[PDB]
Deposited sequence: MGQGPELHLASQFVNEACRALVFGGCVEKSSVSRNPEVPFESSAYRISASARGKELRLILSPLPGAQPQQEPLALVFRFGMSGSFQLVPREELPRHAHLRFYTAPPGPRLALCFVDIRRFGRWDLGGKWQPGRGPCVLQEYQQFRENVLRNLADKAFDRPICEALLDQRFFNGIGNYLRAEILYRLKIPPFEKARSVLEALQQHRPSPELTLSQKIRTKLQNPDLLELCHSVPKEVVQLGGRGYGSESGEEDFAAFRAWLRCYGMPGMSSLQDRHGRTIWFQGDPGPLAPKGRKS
């Protein structure tokens, strides 16, 4: 996911788990190289927040739950295919690598971290990844300032399309978003990043917030009340640039495809 997907995933955990109690251990699949979660409680609640391209779960035992335990926080990065599903315990999807089991009474469910390609990670601290800048959705002013006060950084020597994937400065922006942001302003993707940002000290940094916010406001992205194909219709409709007919595409220097209209820009391959 990108920032929107991580944000909706955290909203899904919050609404779906609002009225559930979990019990027992946190089960990791055998094949996952991520760490075992050392956590057990007779009764705990699960809640979530997103920052950029990370999601933090908090495991919160109820009063008197046993064995005595403090709340535990886990931070997830989703990679290409990470997600959360709430499923009936004996219909686990394939590639459910981390499971949280509801406690009785009621229908026995599992909250699953599901990750086909296993690019996703999680860590035992609750800490956000040091080096990631502020969330473009939830920390706009901090995000904007952190870019504008570090324009000398060699990160801004690169093309604007490459700079926009640098999670030190645009935590939450990924490949579809960089195409959608740059198309809204018709900024050539291979313009020098420092050139587009010096010109700023509704601009590019504001759309780094408002464009991803639009996706959040659509809802869906796997987390909606509407069907899987229904939310996917709404998203494909909203996209104006990414993989759309009549648009150009090039490989950036890490081989990631950038979609654009018109002038590729000066630093183009």
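**Q** Relative to the deposited sequence, which regions have no modelled C-alpha positions in the structure?
**A** Sequence ranges with no C-alpha atoms are 1, 203-222, 291-295.
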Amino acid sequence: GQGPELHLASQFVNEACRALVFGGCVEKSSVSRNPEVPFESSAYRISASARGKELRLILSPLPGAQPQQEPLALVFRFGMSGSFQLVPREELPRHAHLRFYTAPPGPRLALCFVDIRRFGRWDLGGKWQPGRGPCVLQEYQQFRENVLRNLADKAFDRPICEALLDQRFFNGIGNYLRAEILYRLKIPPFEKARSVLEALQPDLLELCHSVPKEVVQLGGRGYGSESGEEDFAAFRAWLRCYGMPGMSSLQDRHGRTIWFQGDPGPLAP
From here on, numbers count along this sequence of modelled residues.
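**Q** Quick check on the record: does 112-120 or 132-140 carry the larger mean Cα temperature factor?
**A** Per the PDB record, 112-120.
**Q** If you average the CA temperature factors over each stretch, which comes out higher, 3-11 or 260-268?
**A** Mean CA B-factor is higher for 260-268.
**Q** Sort 163, 182, 87, 75 by C-alpha B-factor from the entry and give me just the highest.
**A** The record points to 87.
**Q** Quick one: which of 214, 206, 70, 54 shows the highest Cα temperature factor in the PDB entry?
**A** In the PDB entry, the greatest C-alpha B-factor among 214, 206, 70, 54 is found at 70.
**Q** Which third, lowest, middle or highest, does the C-alpha temperature factor of residue 210 belong to within its own chain?
**A** Its C-alpha B-factor belongs to the lowest third of this chain's values.
**Q** By its CA B factor, does residue 42 count among the lowest, middle or highest third of the modelled residues in the chain?
**A** It falls in the middle third of the chain.
**Q** Where does the C-alpha B-factor of residue 50 rank in its chain, lowest, middle or highest third?
**A** Tercile = lowest for this residue's CA B-factor.
**Q** Sorting the chain's CA B-factors, does residue 98 end up in the lowest, middle or highest third?
**A** Tercile = middle for this residue's CA B-factor.
**Q** Would you check the entry's CA temperature factor for residue 186 and let me know if it's in the chain's lowest, middle or highest third?
**A** Middle third - that is where residue 186 ends up once the chain's C-alpha B-factors are sorted.
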